[PDB]
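Engineer: I have a structure here, written as C-alpha cells, and I will follow up with some questions on it.
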Amino acid sequence: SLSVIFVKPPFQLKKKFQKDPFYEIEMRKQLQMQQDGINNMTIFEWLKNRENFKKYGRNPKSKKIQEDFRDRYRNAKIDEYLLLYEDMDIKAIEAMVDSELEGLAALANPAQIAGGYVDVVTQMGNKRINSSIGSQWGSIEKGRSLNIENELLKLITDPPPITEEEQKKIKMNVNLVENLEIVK
C-alpha cells in the first residue's frame, strides 16, 4: 500500500454555491467519484495517463463517448418516466427530461488532466459543479493536479524506491474530499 496524498490546495466550494445546500452535497458526491476514479488505477497507470495528456493533449475520443451517453441517457430516462408515472405524452416527458439534462454533464471520473485519459462514462452530474472541479484541477504547469503528481513522485523515489514493476501493482491513494474548503 501507500501513504495518502491529500490534494493541495483543497478544493473550494465557491461563493455562488453556498446559497443552495444541494451544491455542497453534489460537490462531495462529485469529488468522491473523481477520487474513487483515481484510486482504482495503479501508480504506473495514472502516471502514464498524465504523461500522455501532457505530451499529446486531450483525447478526442472522449467527447464522443460522452455525447453518445447523453443521447442514451436521455432516451433511458424518458422510458423510466413514461412507465413510472403513466404519462403517455412522450412529447411532454421529452420536454421534461431535456430540462433535467440542461444542467447535467457526463462525468469523467476523473478528469483528463487528473489522469483519466480513457474514461468509460456511466453517470450524469451537475454540469456546473463538474466544471468547477474541472477548472480547480488546474493546468499542466500549475494547480492541484500537478501537486498530486509531485507528491506521488517523491513517494516512489525516496528509498527504498519503487520500480515500474512495483508501480504496476500498487494502487493510487489520494483524498480530495476530507479537506473540502467552504469559502468564507
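Engineer: Compute the distance in nm between two label points, each set 7 Å from the Cα along the Cα-to-Cβ direction, one at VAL183 and one at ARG74.
Structural biologist: Here the answer is 3.2 nm between the modelled labels.
Engineer: Which value in nm describes the separation of the simple spin-label points at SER99 and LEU83, placed 7 Å from the Cα toward the beta carbon?
Structural biologist: Distance between the two pseudo-spin positions: 2.4 nm.
Engineer: Continuing with this model, one more query. Taking the number of other C-beta atoms within 10 Å as the exposure measure, put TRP46, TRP137 in order starting with the fewest.
Structural biologist: By the 10 Å Cβ count, ascending: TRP137, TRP46.
Engineer: What is the calculated FRET efficiency for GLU24 to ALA92, with r their C-beta to C-beta distance and R₀ = 30 Å, to the nearest 0.05? List each step's numbers first, then the result.
Structural biologist: Working: r = 32 Å, r/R0 = 1.07.
With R0 = 30 Å, the Cβ-Cβ based efficiency is 0.40.
Engineer: Just to check, using Stokes-Einstein with a Kirkwood Rh over alpha carbon pairs, what's the diffusion coefficient of the chain at 10 °C and 1.306 mPa s in µm²/s? Intermediate results must be reported in sequence, preceding the final value.
Structural biologist: Details: Rh = 18.0 Å.
After rounding, the answer is 88 µm²/s.
Engineer: So, one more: In nm, what is the difference between 0.36 nm times the number of residues separating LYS14 and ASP158 and their Cα-Cα distance? Present the calculation step by step, with values, prior to reporting the outcome.
Structural biologist: Numbers: separation 144, 0.36 × 144 = 51.84 nm, distance 3.63 nm.
Fully extending the segment from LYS14 to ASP158 adds 48.2 nm.
Engineer: Taking only DSSP H segments of four or more residues, each worth -39500 (n - 2.57), what value at 222 nm results for the chain once the sum is divided by all its residues, to the nearest 500 deg cm²/dmol?
Structural biologist: Calculated mean residue ellipticity at 222 nm is -17500 deg cm²/dmol.
Engineer: Separate question: May I ask you to order 115-124, 64-73, 28-37 by the average number of other C-beta atoms within 10 Å around their residues, highest value first? Walk me through the numbers on the way to the answer.
Structural biologist: On the way: 115-124: 17.5, 64-73: 13.9, 28-37: 19.0.
Packing order, densest peptide first, comes out as 28-37, 115-124, 64-73.
All of the numbers you see were taken from the coordinates with simple rules; none came from a lab. As a convention, Cβ positions derive from the backbone with ideal geometry for all residues, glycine included, and neighbour counts pool all protein chains shown.
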